[PDB]
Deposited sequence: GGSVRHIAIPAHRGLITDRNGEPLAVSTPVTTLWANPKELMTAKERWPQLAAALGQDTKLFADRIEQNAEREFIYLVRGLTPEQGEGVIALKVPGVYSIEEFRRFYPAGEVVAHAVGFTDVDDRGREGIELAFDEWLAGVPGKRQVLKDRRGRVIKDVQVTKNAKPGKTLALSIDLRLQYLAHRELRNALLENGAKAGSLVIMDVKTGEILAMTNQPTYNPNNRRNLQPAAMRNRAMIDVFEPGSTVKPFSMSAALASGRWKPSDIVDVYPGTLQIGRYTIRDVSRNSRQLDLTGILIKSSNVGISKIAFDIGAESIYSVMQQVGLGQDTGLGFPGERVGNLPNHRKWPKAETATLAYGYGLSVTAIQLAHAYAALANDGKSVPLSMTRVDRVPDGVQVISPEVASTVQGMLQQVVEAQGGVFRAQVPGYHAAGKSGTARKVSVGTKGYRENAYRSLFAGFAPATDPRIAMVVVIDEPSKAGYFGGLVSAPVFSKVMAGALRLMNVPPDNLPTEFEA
């Protein structure tokens, strides 16, 4: 009276410049027909020894499967060892060439690229998200096999196997390597638990780099730490704190009620709402301008503006920029987080929202929001694939307001008492630091550069540094500076810190 398969070649994954990130490698699979093996039991020990398996257990397996016409012996071998096994001429042993992925960049892009399971199907990262694109379609062979199950003849092919298609990611391996190295070093210098760093192109929406620590070698899937396998930029939610204040400020400027030169009274550094007390870390301020509120990261100052303008305006900005919103990336394990909403906002939620307490975002969401702000208020859809034709953006923040806030974030980095460690020598940079209290802290910095014409947005999240420095401007700001400094030269962006 059979229907055997023709493996499809799994589609190549490259970075944006064509560097291979996931490559299908030929392997040899060996299967057997126990009906033939039963006629050649004397050959089994030599075959067993060559496969690794135990002599008596392997013999027990065949004796147990004597009546079956197909069984698997082994599925992953090099074609070097596959040819060595084939040369034994054992009756009933047949071979099939399959594919197993190899990841040339390994740990550098393990979380973004992801990996494949035993069936060459996508399980994590891009491999999973674009499995349909990458997998291709297996084919159906037909062969004449007699009563013994011996493949005697080849009668027909029922379906032709179609290879998967190539996919170019948005990731720039040069930028990915830099962010990976700098984030790892920063975690070691701070003795931190974990970290994430994302770089995005503000003009096209492309994710140029996305790294997390700890990472793993997807070529070493020796069943490592599941926790280490977490793509934190997409699956871990956190309260963004001060890094969300530029969006609260954007709502204030768009309200018509506030200008940067306006003053807010933040004395004595605390603000009471019933049983709840809002508190600033530095409580030696009285009058602060809107830029000063961001520089000093005054929670009181941002709260007073929020009460004046209303939480609805702030909620609308944070929602439209994507905080706690679906990214559209289609990553099955990716987290949306949560953006609290109310019909009538009470005072406590208005203040906490404006200073980012009780909100849940991802590092990718936080970065995308900063990308929209940097892109004069236009939100460009997120993309993990190279973008050749840029989709239309949505104007989420008015150009004037976004431009004004950009200037304010530049003063945060450049002005007296600002986050000078986030300065990117040679360029004008802008950003906002954050420190979230979980005696353990999370240190954040989000920003963009060059301020004169933003090109790149970046988010640096370091979880639980355990050394002396713990402020976002101390722990995460230097990482932004180091990575931003390298990324601008790697993209050949002209330095904008020039003389007047």
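Sequence ranges 1-2, 4, 442-451, 514-517 have no coordinates in this entry (deposited sequence, numbered from 1, C-alpha basis).
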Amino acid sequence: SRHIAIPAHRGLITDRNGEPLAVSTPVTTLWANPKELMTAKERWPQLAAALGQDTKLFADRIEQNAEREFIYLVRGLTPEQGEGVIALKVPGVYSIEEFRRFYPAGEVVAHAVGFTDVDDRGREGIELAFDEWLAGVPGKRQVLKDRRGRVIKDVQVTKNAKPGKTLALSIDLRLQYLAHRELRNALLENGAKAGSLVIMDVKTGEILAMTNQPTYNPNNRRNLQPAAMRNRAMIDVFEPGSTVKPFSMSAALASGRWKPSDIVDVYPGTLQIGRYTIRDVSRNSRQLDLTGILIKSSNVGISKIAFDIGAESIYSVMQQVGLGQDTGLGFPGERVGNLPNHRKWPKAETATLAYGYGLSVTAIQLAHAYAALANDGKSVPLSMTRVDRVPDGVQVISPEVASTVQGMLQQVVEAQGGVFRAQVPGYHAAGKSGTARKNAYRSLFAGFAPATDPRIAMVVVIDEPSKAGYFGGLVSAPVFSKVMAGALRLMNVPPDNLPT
From here on, numbers count along this sequence of modelled residues.
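For the two forms, the rigid core is made up of the largest set of C-alpha atoms that agree within 1.5 Å on superposition.
The stretch that strays farther, by root mean square C-alpha distance over structures and residues in 7 other deposited structures of this protein after a rigid core fit, is 90-98, when 90-98 is set against 164-172. Averaged as a root mean square over residues and superposed structures in 7 other deposited structures of this protein, CA distances to the shown form are larger in 270-278; the pair compared was 104-112 and 270-278 with a core fit. Among other deposited entries of this protein with both flanking residues present, none omit coordinates for residue 448; it is modelled throughout, well short of a third. Compared with other PDB entries of the same protein, residue 58 is present in all of those that resolve the residues around it, none of them, let alone a third, dropping it.
Stretches 81-89 and 329-337 differ in mean C-alpha B factor, with the higher average recorded for 81-89. Higher mean CA B-factor, judged across 307-315 and 161-169 from the recorded values: 161-169. In this structure the maximum Cα B-factor among 247, 130, 276, 267 is found at 276.
In the PDB entry, the Cα temperature factor peaks, among 256, 358, 381, 418, at 358.
Ranked by Cα temperature factor within the chain, residue 322 sits in the middle third according to the deposited record. Ranked by C-alpha B-factor against the other modelled residues of its chain, residue 482 falls in the lowest third. Per the deposited record, the Cα B-factor of residue 433 falls in the lowest third when ranked against the other modelled residues of its chain. Placement of the Cα temperature factor of residue 292 within the chain: lowest third of the modelled residues, per the deposited record. Per the PDB record, residue ranking by Cα B-factor puts residue 489 in the lowest third of the chain.
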